[PDB]
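*Asks:* Okay, handing you the structure first.
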Amino acid sequence: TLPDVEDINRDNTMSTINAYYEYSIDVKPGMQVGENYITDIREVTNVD
Amino acid sequence: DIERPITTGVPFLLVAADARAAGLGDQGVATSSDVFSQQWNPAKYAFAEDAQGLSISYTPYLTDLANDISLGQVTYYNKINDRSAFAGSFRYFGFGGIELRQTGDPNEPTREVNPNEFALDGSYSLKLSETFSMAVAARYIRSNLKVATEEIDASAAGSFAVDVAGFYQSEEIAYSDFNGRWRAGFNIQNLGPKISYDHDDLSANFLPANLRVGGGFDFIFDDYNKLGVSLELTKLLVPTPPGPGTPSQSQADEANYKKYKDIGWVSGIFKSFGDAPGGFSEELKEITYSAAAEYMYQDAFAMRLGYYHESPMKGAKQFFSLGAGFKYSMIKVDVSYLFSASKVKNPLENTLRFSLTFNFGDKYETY
Amino acid sequence: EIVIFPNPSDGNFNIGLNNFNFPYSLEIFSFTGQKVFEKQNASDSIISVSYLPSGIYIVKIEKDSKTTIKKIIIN
Ligand SMILES: CCCCCCCCCCC(CCCCCCCCCC)(CO[C@H]1O[C@@H](CO)[C@H](O[C@@H]2O[C@@H](CO)[C@H](O)[C@@H](O)[C@@H]2O)[C@@H](O)[C@@H]1O)CO[C@H]1O[C@@H](CO)[C@H](O[C@@H]2O[C@@H](CO)[C@H](O)[C@@H](O)[C@@H]2O)[C@@H](O)[C@H]1O
């Protein structure tokens, strides 16, 4: 029900600054734990 | 601690809802006939001394913290003949009103929701012999504990169950020092299809199908004093979830859980007697027991003591219970208190359960 | 009046004090009755108790002689 506004934090002001930190993860078929910020892999075999 | 407890849907069906049975260590399958004899044994409704009875029972949760979080019960029995009786019970566990608000507007119409769980059941009891009776009960269970938000549907989950009960009450038999009375009872309850809280055939929970077998004896002194000792054994009729593994590493557990969850309730009732690496000695660990003694003075004062013990490996709910009952003219008031003896914090600690019943209609002679 | 920001929260919610004497005592209780959150000298509106397991919780607000008990949902 809310109008679409170019103001996301609802402070009535539109910010135009672009000072941020950037992180990235790869999406590949054969990813494993220990790289790409991967900490755990749970393989589920029999899904109903 | 608890090792692989049995998980079932709507566990509130297993909570004692009246003060009389609460004071007797959560047993009623073989005690004297009373208005609250619907959760325990409807078959003794045919043995009721009074024609018609109504009862309101209150079990508060978080007594100090807040009200409205409680299990209430309304029971009404009516024995039309000397041989049969119709009874109807309504158990309601509720948290009271909860207000849902997303903005700090002082003037804002907000949504008040009451998550709850109620079971409405009706039982017919018929006296087969002069000392034995059967009973069949139909129960509808509805759970509305979740709250409607985004990406969450609060549709209530419903189910049906059938209860088969039997009660035996012997004649008053004279002995050397007293003239006591024997009672026995059995009850197979909560027999029905699984309840799906997510409304999906893939995810369903077993109903808490239960088997209760008990026996009791009354020592009658001077015809005005009674001392009834009762013992009840309770066993869940639901398969025990697999533990370490009964065939990679997690794949064995996944296969075991898939096998366990793909079991019908009818087959699950019979599978409950076993389906574990342990034998009969370990099978006896699935049975919980309760022993109580109730003293009756002038049939108007009742002092009840009880002890309830579950296995330490499941549930872990052992306690002692005290209860007092007073009948003024036709109104009986029961109060119950619980002293826990287990390591897990019982939510019924420091709680005084209340029960209030009215009896009306003509009197039926006891045989 | 005491106002609780979104009732079915994830553990992070807010208080709706009406700009009065800010020091109030807030206590969050589990369904077991256990004490799971204490907060004296409280003035920050945002409350972060998202380490608690899901369920209903009881929030007691003590503001001078005023005592208030409300029920919140953590899902
Ligand atoms: C599905 C259940 C429906 C609910 C059942 C309610 C039954 C009400 C009947 C009143 C009653 C039971 C007390 C129950 C109170 C529990 C209230 C719980 C409160 C909850 C928080 C109180 O009667 C007692 O109470 C006194 C009132 O203080 C009465 O005083 C006086 O009371 C008034 C003269 O009676 C004066 O007008 C008043 O001036 C006096 O003061 C006394 O007469 C008496 O001591 C006596 O029962 C008697 O009334 C009839 C009615 O037709 C009942 O008929 C039954 O109805 C169906 C049964 O439902 C059955 O199917 C049906 O077969 C059967 O014919 C019988 O039972 C009968 O024996």
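Protein chains in written order, with UniProt numbering: chain R, 1155 to 1202; chain Y, 21 to 267, 283 to 402; chain X, 540 to 614. Quick reminder that beta carbons are idealized off the backbone N, C-alpha and C, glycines included.
1) Report the residue from 581/X, 579/X, 547/X and 557/X whose alpha carbon sits nearest the alpha carbon of residue 126/Y.
2) Cβ atoms of residue 135/Y and residue 164/Y: under 8 angstroms apart, would you say?
3) Listing by chain order, which chain Y residues have their CB less than 7 angstroms from the CB of residue 546/X?
4) Let me see if you follow: with CB-CB separation under 8 angstroms, is residue 542/X close to chain Y or not?
5) Determine, using beta carbons only, whether residue 1202/R comes closer than 8 angstroms to chain Y.
6) Should residue 154/Y be counted as a contact of ligand 1 given a C-beta to heavy atom distance under 7 angstroms?
7) Can you determine whether any heavy atom of ligand 1 sits closer than 7 angstroms to the C-beta of residue 144/Y, and answer yes or no?
8) Can you tell which of 139/Y, 395/Y, 308/Y and 315/Y has its C-alpha closest to the C-alpha of residue 93/Y?
9) On the premise that residue 59/Y lies in contact with residue 43/Y, defined as a C-beta separation below 8 angstroms, what is that separation, rounded to the nearest angstrom?
10) Got a sec, what are the start and stop residues for the alpha helix (DSSP H) residue 288/Y sits in?
11) What are the boundary residues of the beta strand (DSSP E) that includes residue 304/Y?
12) Going by C-alpha distance, which of 345/Y, 37/Y and 298/Y is nearest residue 23/Y?
13) What number of angstroms, rounded off, separates the C-alpha of residue 579/X from the C-alpha of residue 565/X?
14) Please confirm whether residue 610/X has its beta-carbon closer than 8 angstroms to some beta-carbon of chain Y.
15) So, at 6 angstroms on beta carbons, what are the nonlocal neighbours of residue 157/Y in its own chain, with the 5 sequence-adjacent residues on each side left out?
16) Is residue 256/Y near ligand 1 - that is, is its Cβ less than 7 angstroms away from at least one heavy atom of it?
17) Considering only heavy atoms of ligand 1 and the C-beta of each residue, which residues fall inside 7 angstroms, strictly closer?
18) Among 567/X, 582/X and 581/X, whose alpha-carbon lies nearest the alpha-carbon of residue 575/X?
19) Find the residues of chain Y that neighbour residue 568/X, judging by a C-beta separation of less than 8 angstroms, and give them in chain order.
20) Taking a cut of 8 angstroms between CB atoms, which residues from the segment 1175–1198 of chain R lie near chain Y?
21) Out of 327/Y, 380/Y and 369/Y, which one is the CA nearest neighbour of residue 355/Y?
22) According to a CB-to-CB cut-off of less than 7 angstroms, which residues of the segment 577–601 of chain X neighbour chain Y?
*Replies:* According to the data block:
1) 557/X
2) yes
3) 118, 119, 120 and 121
4) yes
5) yes
6) no
7) No, the Cβ of residue 144/Y stays beyond 7 angstroms of every heavy atom of ligand 1.
8) 139/Y
9) Actually they do not touch by this definition, with Cβ atoms about 15 angstroms apart.
10) Where residue 288/Y is concerned, the enclosing alpha helix (DSSP H) stretches over 285–296.
11) Counting along the chain, residue 304/Y falls outside any beta strand (DSSP E), though it belongs to the alpha helix (DSSP H) covering 300–306.
12) 345/Y
13) 7 angstroms
14) yes
15) 62, 141, 143 and 183
16) no
17) Answer in sequence order: 72/Y, 74/Y, 76/Y, 96/Y, 98/Y, 365/Y, 393/Y, 395/Y and 396/Y.
18) 567/X
19) 82 and 85
20) Hits within the stretch, in order: 1196, 1197 and 1198.
21) 327/Y
22) From the segment 577–601 of chain X, only 595 and 597 have a Cβ closer than 7 angstroms to chain Y.
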